[PDB]
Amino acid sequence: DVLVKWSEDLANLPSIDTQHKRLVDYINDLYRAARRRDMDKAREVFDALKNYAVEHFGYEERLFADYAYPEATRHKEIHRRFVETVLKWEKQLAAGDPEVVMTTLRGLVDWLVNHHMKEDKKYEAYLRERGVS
């Protein structure tokens, strides 16, 4: 049923929470598809998850710019390097190999949710003080 679950450990601004939650939803959609061995749907879901992640990263970057966040550069580059990883995964998924599926799911879970979404909390106080929600 579920591979990962958003939790209080990840709480951030309410707009950021909605996008982080929707990313969690995409990961679990991808897991359900890969589990059923429906690889066409799994690739479709992965495509949507990539595009959503890019747009979520871009939402954060716009907030960084708008609010003159001091660590905009570092954070944007961390995003950029992860997109590069996703694009590589996307290519590797073309051949539908169980091993590649797992690399992807574990990378999304281990790095995006369990690491990067926690790291996102670092901009929270700064943006909240300036009235962002």
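All residue numbers refer to positions in the sequence shown, first residue = 1.
- Per-stretch averaging of Cα B factors for 58-66 and 81-89 places 81-89 on top.
- The stretch with the higher mean CA B factor, choosing between 29-37 and 71-79, is 29-37.
- When the modelled residues of the chain are ordered by their C-alpha B factor, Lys50 lands in the lowest third.
- In the deposited entry, the Cα temperature factor of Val113 sits in the top third of values across the chain's modelled residues.
- Ranked by Cα temperature factor within the chain, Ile16 sits in the lowest third according to the deposited record.
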